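Take a look at this single chain in structure tokens; it is the form deposited in one PDB entry.
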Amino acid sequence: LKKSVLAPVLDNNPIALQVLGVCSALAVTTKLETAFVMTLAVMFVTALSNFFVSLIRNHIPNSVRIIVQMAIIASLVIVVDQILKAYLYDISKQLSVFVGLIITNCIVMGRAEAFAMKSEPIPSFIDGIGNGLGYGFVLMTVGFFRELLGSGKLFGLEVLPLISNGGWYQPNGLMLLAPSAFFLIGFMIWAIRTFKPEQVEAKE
């Protein structure tokens, strides 16, 4: 079937249609390796948080629900960070400056609020995985352009030889700043809504 893991990639993208993961999309997308690691972390954390929130969704009072959800999310992220620091030290060094951004990524909390609080556990897990895939689509597309045009590299591998290295390419210094990410996301949304006219916002 697999009709649920693929909807939030193009039809219900968390960044292009919902506005839910923007800050890290601006932060981590200068390198494809960092974007890939962040994609995996967000997808894993959202899946597990959705599962655990749906497991106890019928016992959560409405006046402590934010506290319950955030306690679960923060505990998961902290445990993952400790495990990475103990067993995957290099990956941990990659994600160390961004660990606190994973907790406040609006995708995790928004999917727990919108879906997990009213859905079944396995569907909530699948929803988390699919929204992570849609997040990673945008992250990898933006990081491709940013890394290639700002450093002539893809995943750290030399693609465009630089003038300082005896090559011909002069890196673009605006690709190492946030405005380039803003513009790339805007043009990506333009293309997506050109191919999906149903997502065009009404003139009224």
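When you see a residue number, it is the position in the sequence shown, counting from 1. For the two forms, the rigid core is made up of the largest set of C-alpha atoms that agree within 1.5 Å on superposition.
Another form exists, deposited in another entry; not displayed. Remarks below refer to it.
Task: Residue shift check between this form and the one not shown, rigid core fit, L95 Cα at least 2 Å - done: Yes, because once the rigid core is superposed, the C-alpha of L95 moves 2 Å or more between this form and the one not shown.
Open item on the list: If I superpose the two forms on their rigid core, does the C-alpha of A74 end up displaced by 2 Å or more between this form and the one not shown?
Closed with: Stays below the 2 Å threshold, so no.
Open item on the list: So, superposing on the core, is the move of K118 at the CA at least 2 angstroms between this form and the one not shown?
Closed with: Result for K118: no, shift under 2 Å.
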